[PDB]
Protein chains: 2
Amino acid sequence: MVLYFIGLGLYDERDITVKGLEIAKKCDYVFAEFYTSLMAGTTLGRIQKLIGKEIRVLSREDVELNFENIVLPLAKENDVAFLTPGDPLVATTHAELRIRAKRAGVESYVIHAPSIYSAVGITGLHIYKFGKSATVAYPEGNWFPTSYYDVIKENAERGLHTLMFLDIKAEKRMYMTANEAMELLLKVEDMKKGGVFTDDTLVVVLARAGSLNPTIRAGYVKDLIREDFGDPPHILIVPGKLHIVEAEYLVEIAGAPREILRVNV
Amino acid sequence: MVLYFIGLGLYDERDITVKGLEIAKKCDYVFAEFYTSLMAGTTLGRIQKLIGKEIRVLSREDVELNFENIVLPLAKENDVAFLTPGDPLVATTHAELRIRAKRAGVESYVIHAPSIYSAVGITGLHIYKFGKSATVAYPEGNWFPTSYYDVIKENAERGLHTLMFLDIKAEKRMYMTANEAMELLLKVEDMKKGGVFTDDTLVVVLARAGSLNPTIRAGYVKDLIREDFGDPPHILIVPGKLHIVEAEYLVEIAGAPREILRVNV
Ligand SMILES: Nc1ncnc2c1ncn2[C@@H]1O[C@H](CSCC[C@H](N)C(=O)O)[C@@H](O)[C@H]1O
Ligand code: NA
């Protein structure tokens with residue numbers, strides 16, 4: 001009679017919380033999805049071994065179209081868990097799944113875990129200074145979406161930082177690198193000429209947040225655009241005006257050029 | 001030889017990640033602070049028992065003025081851990097502490113935990129739609145903070161949601177309630193009269209996130225300003241222009257007046 005939305009955390013099988021692990025171990029059925037994101041520092045097998053339960057993986061369609069026919073029925077007479085990378089309900093359409101549960105007479109509870117939304121705090125950029133967030137999508141055919149460029153513009157204009165999620169093809173396991181995101185943004189700049197993203201723009205790249213050895217790099221596009229940030233996923237941040245303390249952290253921890261102490265503060 | 005920045009989570013000791021617990025269990029010395037937030041469902045003893053270590057609790061002064069005199073010296077010969085509520089670097093000033101560690105020749109690592117910043121997802125509000133965040137601070141003497149009011153205005157103008165962290169005076173065991181935040185905001189409105197926060201403003205209250213039964217309420221100020229939301233900690237959220245599904249969730253899950261289902265696009 002109960003559905004548990006449990007977050008898996010950031011990177012590996014140890015990123016789930018003690019609460020989430022203990023609750024999962026007591027559920028009769030355990031489902032999971034890796035279409036919104038993947039756990040790059042681990043495998044389904046390692047997650048399964050840790051929880052000690054077989055984990056039925058669900059596709060985006062299984063969830064979006066048939067959550068009520070695959071997951072909820074079992075929740076009527078058993079304890080069911082639905083695992084997702086990061087923190088549950090962060091992915092835009094997941095909150096609605098709780099409404100579906102209610103409509104089915106199923107009680108649901110949320111077990112939180114670290115999310116990239118809070119984990120970026122490791123970049124040294126103040127959390128309150130982040131503005132609207134965006135996702136960089138690949139242009140395709142006759143479609144060249146550029147809204148993510150306008151997000152940066154509106155944020156930076158108000159001295160706010162912009163968190164950018166990079167395109168991902170979960171099933172194809174194809175990632176967009178921070179390098180590719182930068183090239184795309186430079187191409188968007190050439191079209192819009194807004195003076196929003198150029199070779200002189202300061203950016204921060206966060207890779208493998210959650211790992212004990214994440215990659216945190218900060219610098220100007222012209223120097224970072226061809227740098228190797230390692231294995232994904234990559235997160236790109238275009239920070240607005242910098243607090244002197246933010247800049248000092250970026251210099252001392254993220255190897256940023258001391259130039260930002262005078263140029264971006 | 002190393003220093004560990006380990007977050008403890010939202011509500012109780014089980015909100016720590018498995019990674020955090022295993023590492024904390026093996027540290028030689030364990031320090032912590034409980035002034036940046038409130039973990040309403042646990043006690044120092046319960047945490048000590050889980051980790052199996054004695055925990056030396058530090059005050060704001062011990063940390064801000066003496067971190068490098070109390071904690072760092074031990075990290076030069078042992079593995080030290082510094083625990084904090086929620087995520088260690090979120091809406092705190094602990095990030096700067098990594099610079100202090102570096103300057104003292106001490107390597108530091110960060111272990112994330114669920115944070116209130118991402119837990120807002122449980123309100124049904126799309127997390128990418130949140131704008132600049134703010135903090136409602138208790139007035140003191142003749143000083144009456146009001147910057148948080150302008151944050152709302154700026155976000156609302158952009159159709160973005162506003163997350164408001166609430167004040168805490170841990171040494172006095174004072175935790176600002178969503179009710180007190182609403183009272184303060186109405187007073188600022190009387191002063192500025194910008195039509196930013198009034199009796200007709202829709203707000204969302206999230207209390208004790210991380211517990212199994214957090215209080216999640218949505219409604220007009222006039223109706224919620226005196227509602228009992230349970231024990232602290234609380235956060236107040238002033239949503240912008242709602243998506244249809246956001247409104248549906250607020251009504252179905254947060255008990256908002258069904259009339260907000262009708263969005264003025
Ligand atoms: N579990 C919780 N439920 C509701 N509000 C919370 C909360 N935890 C923190 N808050 C809010 O956040 C404020 C502290 S700011 C520190 C946040 C912490 N570092 C984190 O990552 O979560 C509290 O005063 C309250 O306003
Ligand atoms: Na945000």
# chains A, B, ... in the order shown; residues from 1 in each chain; ligands from 1
>>> closest_atom_pairs(of="chain A", to="ligand 1", cutoff="12 Å", atoms="only C-alpha atoms and all ligand atoms", output="JSON lines")
{"residue": "A:111", "atom": "CA", "partner": "ligand 1", "partner_atom_place_in_ligand_line": "1 (N)", "distance": 11.9}
{"residue": "A:112", "atom": "CA", "partner": "ligand 1", "partner_atom_place_in_ligand_line": "1 (N)", "distance": 10.4}
{"residue": "A:113", "atom": "CA", "partner": "ligand 1", "partner_atom_place_in_ligand_line": "21 (O)", "distance": 11.1}
{"residue": "A:114", "atom": "CA", "partner": "ligand 1", "partner_atom_place_in_ligand_line": "21 (O)", "distance": 9.4}
{"residue": "A:115", "atom": "CA", "partner": "ligand 1", "partner_atom_place_in_ligand_line": "21 (O)", "distance": 10.5}
{"residue": "A:116", "atom": "CA", "partner": "ligand 1", "partner_atom_place_in_ligand_line": "21 (O)", "distance": 11.9}
{"residue": "A:117", "atom": "CA", "partner": "ligand 1", "partner_atom_place_in_ligand_line": "21 (O)", "distance": 10.4}
{"residue": "A:118", "atom": "CA", "partner": "ligand 1", "partner_atom_place_in_ligand_line": "21 (O)", "distance": 7.0}
{"residue": "A:119", "atom": "CA", "partner": "ligand 1", "partner_atom_place_in_ligand_line": "21 (O)", "distance": 9.1}
{"residue": "A:120", "atom": "CA", "partner": "ligand 1", "partner_atom_place_in_ligand_line": "21 (O)", "distance": 11.4}
{"residue": "A:121", "atom": "CA", "partner": "ligand 1", "partner_atom_place_in_ligand_line": "21 (O)", "distance": 9.3}
{"residue": "A:122", "atom": "CA", "partner": "ligand 1", "partner_atom_place_in_ligand_line": "21 (O)", "distance": 11.8}
{"residue": "A:126", "atom": "CA", "partner": "ligand 1", "partner_atom_place_in_ligand_line": "19 (N)", "distance": 11.4}
{"residue": "A:127", "atom": "CA", "partner": "ligand 1", "partner_atom_place_in_ligand_line": "21 (O)", "distance": 9.5}
{"residue": "A:128", "atom": "CA", "partner": "ligand 1", "partner_atom_place_in_ligand_line": "15 (S)", "distance": 10.2}
>>> select_by_dssp(residues="segment 190-238 of chain B", states="strand (DSSP E or B)", output="ChimeraX atom specification")
/B:202-207,209,211,215-220,234-238
>>> write_last_selection(atoms="N, CA, C and O atoms", output="PDB file, in the first residue's frame")
ATOM      1  N   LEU B 202       0.070  34.136  -3.408  1.00  0.00           N
ATOM      2  CA  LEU B 202       0.088  32.689  -3.237  1.00  0.00           C
ATOM      3  C   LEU B 202       1.473  32.318  -2.723  1.00  0.00           C
ATOM      4  O   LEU B 202       2.478  32.781  -3.256  1.00  0.00           O
ATOM      5  N   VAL B 203       1.530  31.501  -1.682  1.00  0.00           N
ATOM      6  CA  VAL B 203       2.810  31.069  -1.135  1.00  0.00           C
ATOM      7  C   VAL B 203       2.776  29.568  -0.912  1.00  0.00           C
ATOM      8  O   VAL B 203       1.710  28.948  -0.937  1.00  0.00           O
ATOM      9  N   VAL B 204       3.956  28.996  -0.706  1.00  0.00           N
ATOM     10  CA  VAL B 204       4.100  27.573  -0.454  1.00  0.00           C
ATOM     11  C   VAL B 204       4.998  27.405   0.775  1.00  0.00           C
ATOM     12  O   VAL B 204       6.025  28.067   0.905  1.00  0.00           O
ATOM     13  N   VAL B 205       4.591  26.530   1.681  1.00  0.00           N
ATOM     14  CA  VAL B 205       5.365  26.276   2.882  1.00  0.00           C
ATOM     15  C   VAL B 205       5.790  24.812   2.908  1.00  0.00           C
ATOM     16  O   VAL B 205       4.990  23.921   2.644  1.00  0.00           O
ATOM     17  N   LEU B 206       7.064  24.583   3.194  1.00  0.00           N
ATOM     18  CA  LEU B 206       7.612  23.237   3.291  1.00  0.00           C
ATOM     19  C   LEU B 206       8.279  23.187   4.659  1.00  0.00           C
ATOM     20  O   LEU B 206       9.214  23.945   4.931  1.00  0.00           O
ATOM     21  N   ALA B 207       7.783  22.310   5.525  1.00  0.00           N
ATOM     22  CA  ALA B 207       8.324  22.190   6.870  1.00  0.00           C
ATOM     23  C   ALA B 207       8.862  20.799   7.137  1.00  0.00           C
ATOM     24  O   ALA B 207       8.220  19.802   6.821  1.00  0.00           O
ATOM     25  N   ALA B 209      11.394  19.056   5.776  1.00  0.00           N
ATOM     26  CA  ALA B 209      11.657  18.226   4.607  1.00  0.00           C
ATOM     27  C   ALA B 209      12.623  17.150   5.103  1.00  0.00           C
ATOM     28  O   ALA B 209      13.414  17.395   6.011  1.00  0.00           O
ATOM     29  N   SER B 211      11.717  14.412   6.592  1.00  0.00           N
ATOM     30  CA  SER B 211      10.954  13.518   7.456  1.00  0.00           C
ATOM     31  C   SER B 211      10.041  12.770   6.491  1.00  0.00           C
ATOM     32  O   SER B 211       9.949  13.135   5.317  1.00  0.00           O
ATOM     33  N   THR B 215       5.413  18.825   6.185  1.00  0.00           N
ATOM     34  CA  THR B 215       4.219  19.621   5.996  1.00  0.00           C
ATOM     35  C   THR B 215       4.441  20.397   4.709  1.00  0.00           C
ATOM     36  O   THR B 215       5.418  21.139   4.586  1.00  0.00           O
ATOM     37  N   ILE B 216       3.549  20.204   3.746  1.00  0.00           N
ATOM     38  CA  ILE B 216       3.637  20.895   2.470  1.00  0.00           C
ATOM     39  C   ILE B 216       2.294  21.566   2.257  1.00  0.00           C
ATOM     40  O   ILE B 216       1.301  20.900   2.001  1.00  0.00           O
ATOM     41  N   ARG B 217       2.271  22.889   2.363  1.00  0.00           N
ATOM     42  CA  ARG B 217       1.028  23.641   2.205  1.00  0.00           C
ATOM     43  C   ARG B 217       1.180  24.783   1.213  1.00  0.00           C
ATOM     44  O   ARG B 217       2.233  25.409   1.130  1.00  0.00           O
ATOM     45  N   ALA B 218       0.114  25.042   0.466  1.00  0.00           N
ATOM     46  CA  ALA B 218       0.108  26.104  -0.529  1.00  0.00           C
ATOM     47  C   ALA B 218      -1.203  26.868  -0.413  1.00  0.00           C
ATOM     48  O   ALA B 218      -2.259  26.262  -0.267  1.00  0.00           O
ATOM     49  N   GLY B 219      -1.137  28.193  -0.481  1.00  0.00           N
ATOM     50  CA  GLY B 219      -2.349  28.985  -0.383  1.00  0.00           C
ATOM     51  C   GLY B 219      -2.078  30.473  -0.328  1.00  0.00           C
ATOM     52  O   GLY B 219      -0.945  30.906  -0.512  1.00  0.00           O
ATOM     53  N   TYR B 220      -3.116  31.262  -0.074  1.00  0.00           N
ATOM     54  CA  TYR B 220      -2.949  32.708   0.000  1.00  0.00           C
ATOM     55  C   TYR B 220      -2.478  33.099   1.394  1.00  0.00           C
ATOM     56  O   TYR B 220      -2.847  32.468   2.388  1.00  0.00           O
ATOM     57  N   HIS B 234      11.475  25.572   8.672  1.00  0.00           N
ATOM     58  CA  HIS B 234      10.540  25.862   7.596  1.00  0.00           C
ATOM     59  C   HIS B 234      11.264  26.686   6.543  1.00  0.00           C
ATOM     60  O   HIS B 234      12.303  27.278   6.809  1.00  0.00           O
ATOM     61  N   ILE B 235      10.696  26.714   5.345  1.00  0.00           N
ATOM     62  CA  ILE B 235      11.205  27.556   4.279  1.00  0.00           C
ATOM     63  C   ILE B 235       9.929  28.105   3.677  1.00  0.00           C
ATOM     64  O   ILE B 235       8.876  27.474   3.762  1.00  0.00           O
ATOM     65  N   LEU B 236      10.013  29.295   3.110  1.00  0.00           N
ATOM     66  CA  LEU B 236       8.864  29.907   2.483  1.00  0.00           C
ATOM     67  C   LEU B 236       9.199  30.064   1.009  1.00  0.00           C
ATOM     68  O   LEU B 236      10.326  30.422   0.657  1.00  0.00           O
ATOM     69  N   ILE B 237       8.226  29.772   0.154  1.00  0.00           N
ATOM     70  CA  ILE B 237       8.422  29.905  -1.279  1.00  0.00           C
ATOM     71  C   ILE B 237       7.298  30.740  -1.873  1.00  0.00           C
ATOM     72  O   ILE B 237       6.124  30.507  -1.590  1.00  0.00           O
ATOM     73  N   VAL B 238       7.665  31.727  -2.677  1.00  0.00           N
ATOM     74  CA  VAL B 238       6.690  32.569  -3.358  1.00  0.00           C
ATOM     75  C   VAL B 238       6.850  32.186  -4.824  1.00  0.00           C
ATOM     76  O   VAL B 238       7.830  32.571  -5.455  1.00  0.00           O
TER      77      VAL B 238
END
>>> residues_near_ligand(ligand="ligand 2", cutoff="6 Å", atoms="only C-alpha atoms and all ligand atoms", output="PyMOL selection string")
(chain A and resi 130-132) or (chain B and resi 130-131)
>>> write_last_selection(atoms="N, CA, C and O atoms", output="PDB file, in the first residue's frame")
ATOM      1  N   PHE A 130      22.392  31.636  -7.840  1.00  0.00           N
ATOM      2  CA  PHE A 130      21.998  30.945  -9.063  1.00  0.00           C
ATOM      3  C   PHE A 130      20.611  31.412  -9.468  1.00  0.00           C
ATOM      4  O   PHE A 130      19.748  31.624  -8.614  1.00  0.00           O
ATOM      5  N   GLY A 131      20.399  31.567 -10.771  1.00  0.00           N
ATOM      6  CA  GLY A 131      19.103  31.999 -11.262  1.00  0.00           C
ATOM      7  C   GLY A 131      18.354  30.859 -11.924  1.00  0.00           C
ATOM      8  O   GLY A 131      18.455  29.705 -11.494  1.00  0.00           O
ATOM      9  N   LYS A 132      17.582  31.177 -12.958  1.00  0.00           N
ATOM     10  CA  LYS A 132      16.838  30.157 -13.685  1.00  0.00           C
ATOM     11  C   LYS A 132      17.861  29.172 -14.247  1.00  0.00           C
ATOM     12  O   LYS A 132      18.958  29.569 -14.637  1.00  0.00           O
TER      13      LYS A 132
ATOM     14  N   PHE B 130      13.166  28.071 -10.493  1.00  0.00           N
ATOM     15  CA  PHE B 130      13.511  28.901  -9.346  1.00  0.00           C
ATOM     16  C   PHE B 130      14.538  29.947  -9.758  1.00  0.00           C
ATOM     17  O   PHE B 130      15.462  29.665 -10.525  1.00  0.00           O
ATOM     18  N   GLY B 131      14.367  31.165  -9.253  1.00  0.00           N
ATOM     19  CA  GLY B 131      15.299  32.224  -9.580  1.00  0.00           C
ATOM     20  C   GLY B 131      16.251  32.465  -8.429  1.00  0.00           C
ATOM     21  O   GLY B 131      16.607  31.536  -7.698  1.00  0.00           O
TER      22      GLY B 131
END
>>> residues_around(residues="residue 167 of chain B", least_positions_apart="3", cutoff="12 Å", atoms="only C-alpha atoms", output="VMD selection string")
chain B and resid 35 to 38 91 134 to 139 145 148 164 170 172 to 178 180 to 181 184 232 to 236
>>> residues_around(residues="residue 85 of chain B", least_positions_apart="6", cutoff="8 Å", atoms="only C-alpha atoms", output="VMD selection string")
chain B and resid 7 to 10 33 to 34 36 to 39
>>> write_last_selection(atoms="N, CA, C and O atoms", output="mmCIF file, in the first residue's frame")
data_model
loop_
_atom_site.group_PDB
_atom_site.id
_atom_site.type_symbol
_atom_site.label_atom_id
_atom_site.label_comp_id
_atom_site.auth_asym_id
_atom_site.auth_seq_id
_atom_site.Cartn_x
_atom_site.Cartn_y
_atom_site.Cartn_z
ATOM 1 N N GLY B 7 28.208 16.108 4.784
ATOM 2 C CA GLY B 7 26.876 16.584 5.125
ATOM 3 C C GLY B 7 26.013 15.456 5.695
ATOM 4 O O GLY B 7 26.191 14.287 5.381
ATOM 5 N N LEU B 8 25.145 15.833 6.633
ATOM 6 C CA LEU B 8 24.378 14.849 7.408
ATOM 7 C C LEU B 8 22.936 14.667 6.898
ATOM 8 O O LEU B 8 22.207 13.760 7.292
ATOM 9 N N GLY B 9 22.501 15.602 6.036
ATOM 10 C CA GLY B 9 21.178 15.448 5.439
ATOM 11 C C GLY B 9 20.157 16.461 5.975
ATOM 12 O O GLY B 9 20.480 17.525 6.502
ATOM 13 N N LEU B 10 18.871 16.107 5.800
ATOM 14 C CA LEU B 10 17.812 17.081 6.027
ATOM 15 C C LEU B 10 17.228 17.023 7.442
ATOM 16 O O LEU B 10 17.087 18.023 8.134
ATOM 17 N N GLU B 33 29.073 21.070 13.327
ATOM 18 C CA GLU B 33 28.429 22.331 13.656
ATOM 19 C C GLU B 33 26.944 22.126 13.428
ATOM 20 O O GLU B 33 26.547 21.430 12.498
ATOM 21 N N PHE B 34 26.131 22.715 14.295
ATOM 22 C CA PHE B 34 24.685 22.609 14.183
ATOM 23 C C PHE B 34 24.043 23.985 14.324
ATOM 24 O O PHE B 34 22.980 24.128 14.931
ATOM 25 N N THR B 36 24.107 26.204 11.371
ATOM 26 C CA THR B 36 23.698 26.643 10.036
ATOM 27 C C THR B 36 22.315 26.133 9.645
ATOM 28 O O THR B 36 21.718 26.610 8.675
ATOM 29 N N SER B 37 21.799 25.163 10.398
ATOM 30 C CA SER B 37 20.479 24.617 10.112
ATOM 31 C C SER B 37 19.998 23.749 11.269
ATOM 32 O O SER B 37 20.732 23.527 12.232
ATOM 33 N N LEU B 38 18.765 23.264 11.172
ATOM 34 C CA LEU B 38 18.203 22.413 12.217
ATOM 35 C C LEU B 38 17.778 21.042 11.689
ATOM 36 O O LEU B 38 17.009 20.949 10.731
ATOM 37 N N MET B 39 18.295 19.984 12.306
ATOM 38 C CA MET B 39 17.924 18.621 11.939
ATOM 39 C C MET B 39 16.939 18.216 13.028
ATOM 40 O O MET B 39 17.313 17.672 14.066
#
>>> atom_distance(atom1="atom CA of residue 261 of chain A", atom2="atom CA of residue 224 of chain A")
17.8 Å
>>> closest_residue(among="B:50, B:156, B:90, B:191", to="chain A", atoms="only C-alpha atoms")
B:90
>>> residues_around(residues="residue 32 of chain B", least_positions_apart="5", cutoff="8 Å", atoms="only C-alpha atoms", output="CSV table (one decimal) with N, CA, C and O atoms, in the first residue's frame")
chain,number,residue,atom,x,y,z
B,55,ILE,N,31.6,13.2,19.0
B,55,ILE,CA,31.6,14.3,18.1
B,55,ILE,C,31.8,15.6,18.9
B,55,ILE,O,31.0,16.0,19.7
B,56,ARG,N,32.8,16.4,18.5
B,56,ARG,CA,33.1,17.7,19.2
B,56,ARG,C,32.3,18.7,18.4
B,56,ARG,O,32.6,19.0,17.2
B,57,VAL,N,31.3,19.3,19.0
B,57,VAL,CA,30.4,20.3,18.4
B,57,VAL,C,31.1,21.7,18.5
B,57,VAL,O,31.5,22.1,19.6
B,58,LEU,N,31.2,22.4,17.4
B,58,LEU,CA,31.8,23.7,17.4
B,58,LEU,C,30.7,24.8,17.2
B,58,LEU,O,29.7,24.6,16.5
B,81,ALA,N,37.0,14.6,10.1
B,81,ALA,CA,35.7,14.9,9.5
B,81,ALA,C,35.0,16.1,10.1
B,81,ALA,O,35.1,16.3,11.3
B,82,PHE,N,34.3,16.9,9.3
B,82,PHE,CA,33.6,18.0,9.8
B,82,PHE,C,32.2,17.9,9.3
B,82,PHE,O,31.9,18.0,8.1
B,83,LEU,N,31.3,17.5,10.2
B,83,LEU,CA,29.9,17.3,9.8
B,83,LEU,C,29.0,18.5,9.9
B,83,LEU,O,29.3,19.4,10.7
B,84,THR,N,28.0,18.6,9.0
B,84,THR,CA,27.1,19.8,9.0
B,84,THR,C,25.7,19.3,8.6
B,84,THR,O,25.6,18.3,7.9
>>> select_by_dssp(residues="segment 126-219 of chain B", states="alpha helix (DSSP H)", output="NGL selection string")
:B and (147-158 or 178-192)
>>> residues_around(residues="residue 41 of chain A", least_positions_apart="6", cutoff="8 Å", atoms="only C-alpha atoms", output="PyMOL selection string")
chain A and resi 11-13+208+211
>>> write_last_selection(atoms="N, CA and C atoms", output="PDB file, in the first residue's frame")
ATOM      1  N   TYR A  11      26.791   9.946  -7.953  1.00  0.00           N
ATOM      2  CA  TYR A  11      27.830   9.296  -8.764  1.00  0.00           C
ATOM      3  C   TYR A  11      27.755   7.757  -8.729  1.00  0.00           C
ATOM      4  N   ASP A  12      27.848   7.201  -7.504  1.00  0.00           N
ATOM      5  CA  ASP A  12      27.908   5.741  -7.406  1.00  0.00           C
ATOM      6  C   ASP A  12      26.865   5.159  -6.438  1.00  0.00           C
ATOM      7  N   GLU A  13      26.968   3.847  -6.223  1.00  0.00           N
ATOM      8  CA  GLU A  13      26.024   3.136  -5.372  1.00  0.00           C
ATOM      9  C   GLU A  13      26.049   3.551  -3.910  1.00  0.00           C
ATOM     10  N   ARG A 208      31.776  14.713 -12.658  1.00  0.00           N
ATOM     11  CA  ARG A 208      31.772  13.662 -11.661  1.00  0.00           C
ATOM     12  C   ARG A 208      31.538  14.168 -10.243  1.00  0.00           C
ATOM     13  N   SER A 211      31.758  12.068  -6.781  1.00  0.00           N
ATOM     14  CA  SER A 211      32.997  11.310  -6.655  1.00  0.00           C
ATOM     15  C   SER A 211      33.878  11.976  -5.616  1.00  0.00           C
TER      16      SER A 211
END
>>> residues_around(residues="residue 63 of chain B", least_positions_apart="6", cutoff="9 Å", atoms="only C-alpha atoms", output="number ranges by chain")
B: 33, 70-71, 94, 97
